Amino acid sequence: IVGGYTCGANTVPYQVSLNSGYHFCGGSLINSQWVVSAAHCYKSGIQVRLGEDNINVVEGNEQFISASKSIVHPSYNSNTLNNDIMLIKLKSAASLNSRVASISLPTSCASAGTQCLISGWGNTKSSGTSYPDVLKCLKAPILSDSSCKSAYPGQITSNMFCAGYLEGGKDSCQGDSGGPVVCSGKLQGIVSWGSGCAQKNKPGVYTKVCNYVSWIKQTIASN
Ligand SMILES: CC[C@@H]1[C@@H]2[C@H](C(=O)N1Cc1ccc3c(c1)OCO3)[C@H](c1ccc(C(=N)N)cc1)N1CCC[C@@H]21
Ligand SMILES: [Ca+2]
């Protein structure tokens, strides 16, 4: 997260760290046995880490749970990043509490100007790599489709939206991928891609989760 603020420990209880010996992606807990992340975060050997603040220190409230399966959207396209979403099933159900909790799926898509909360443990600088220990937070609005498509002509599908600041200086970045964009208490986005981080006129692009709710529900029901 570039230009954000320290969330505070366990203030974002649905936030997850995907770990393979190191943090590589975020995710969101959507019930006690399933996580939503980005398709481009796919790998084998994923451990899900719940209840984290400092990812480098065991502080209490952590639960480490292996992924038993990862389900990349079958129409995910690695070139265009269309359908950049993946479901992860936990080996065992998480123990839900004040500090470990699920986030609701949306019943409707969010409109432009909706202010959202984006969080993660990714890079906090644009040019240069500085990773935080603790979870960072950023408040950012959803941009209009017209502004999104003028920023990234020809690259924006109906399954994507832009959020952030055209003036720059505030954005998600490397390591934030697959993390949550939560607006009015519902999961509306997944950190997917962008052009650098926090560059002027290059806002972040996010998977539009409201387009996948039935897929999510049908997939979880059958697995
Ligand atoms: C694996 C994808 C990679 C991903 C994300 C991204 O931007 N990519 C580049 C990419 C790939 C294909 C594309 C694309 C961008 O635009 C159209 O098609 C991602 C990324 C980069 C920048 C932001 C951001 N500024 N909000 C958000 C996510 N990077 C960081 C680490 C993983 C890598
Ligand atoms: Ca920790």
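Residues numbered from 1 in each chain as written, not as in the entry; some residues may be left out. Chains lettered and ligands numbered in written order. Heavy atoms only, no water. Residues with missing side-chain atoms left out of burial classes, pairs and counts.

- Method of structure determination, per the deposited record: X-ray crystallography was used for this entry, reaching 1.80 Å resolution.

**Overview of the sheet that holds strand β9 (residues 136–141)**
Link 1 in the chain: Read across the sheet, 7 strands follow the order β1-β9-β8-β11-β12-β13-β10 without closing on themselves; strand pairing throughout is antiparallel. Each edge of the open sheet is held by one strand with a lone partner, namely β1 (5–6) and β10 (160–163).
Link 2 in the chain: Relative to β9, strand β8 (residues 115–120) runs antiparallel, the two sharing 6 bridges. Its bridge partner being in β9, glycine 120 is matched across the sheet by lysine 136. (Pairing = 2+ DSSP bridges. Helix = DSSP H or I, 4+ residues; strand = E, 2+ residues; numbered from the N terminus.)

**Regarding the pairing of β9**
Link 1 in the chain: Counting buried residues in β9 gives 5 out of 6 residues, a clear majority hidden from the surface.
Link 2 in the chain: Across 2 bridges, the pairing between β1 and β9 is antiparallel. Considered in β9, the bridge of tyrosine 5 is made with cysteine 137. (Buried < 20%, exposed > 50% of the residue type's maximum accessible area, 1.4 Å probe, protein only.)

**Some details on the domain arrangement of the protein chain**
Link 1 in the chain: Split by domain assignment, the protein chain resolves into domain 1 (1–12 + 103–210) and domain 2 (13–102 + 211–222).
Link 2 in the chain: Using only C-alpha atoms to locate each centre, domain 1 and domain 2 end up separated by 17 Å.
Link 3 in the chain: Across the contact, 38 residues belong to domain 1 and 38 residues belong to domain 2.
Link 4 in the chain: Linking domain 1 with domain 2 are 21 residue pairs in polar contact.
Link 5 in the chain: Looking at the side of domain 1 that touches domain 2, the elements that each hand over two or more residues are β8, β11 (180–183), β12 (186–193) and β13 (204–208).
Link 6 in the chain: If one sorts the elements of the side of domain 1 that touches domain 2 by residue count, β12 sits on top with 5 residues. (Domains from an automatic or database assignment. Contact = heavy atoms within 4.5 Å. Polar contact = N/O pair within 3.5 Å; in protein donor to acceptor, adjacent residues only side chain to side chain.)

**Considerations on the packing of aromatic side chains**
Link 1 in the chain: All told, the structure shown has 3 aromatic pairs when counted by the stated rule.
Link 2 in the chain: Plain terms: the ring middles of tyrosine 152 and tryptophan 193 are 5.0 Å apart, the flat faces sit at 65° to each other, and that makes the pair edge-to-face. Placement of the pair is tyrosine 152 in the loop between α1 (145–151) and β10 and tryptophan 193 in strand β12, with a sequence separation of 41 residues.
Link 3 in the chain: What makes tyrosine 152 buried here is its relative accessible area of 2%.
Link 4 in the chain: Given the relative accessible area of 18%, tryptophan 193 is considered buried.
Link 5 in the chain: When the ring centre of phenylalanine 24 is taken as origin, the NZ or CZ atom of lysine 43, which lies over that ring, is 3.7 Å away.
Link 6 in the chain: Between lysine 202 and the ring centre of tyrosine 152, over which it is positioned, the NZ or CZ distance is 4.5 Å. (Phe/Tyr/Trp six-rings, centres within 6.5 Å; stacked < 30°, edge-to-face > 60°. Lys NZ or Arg CZ within 6 Å of the ring centre and 35° of its normal.)

**Some points on the sheet that holds strand β6 (residues 63–72)**
Link 1 in the chain: With respect to topology, 6 strands assemble into a closed barrel ordered β2-β3-β4-β7-β6-β5, the strand pairing being antiparallel. For this sheet the average axis-to-axis angle between neighbouring strands, irrespective of direction, equals 40°.
Link 2 in the chain: Against the sheet, helix α2 (residues 213–221) engages β4 (34–37), β6 and β7 (86–90), with an angle of about 30° to β7. (Axes fitted to C-alpha atoms, helices over the stretch in contact; angles between N-to-C directions.)

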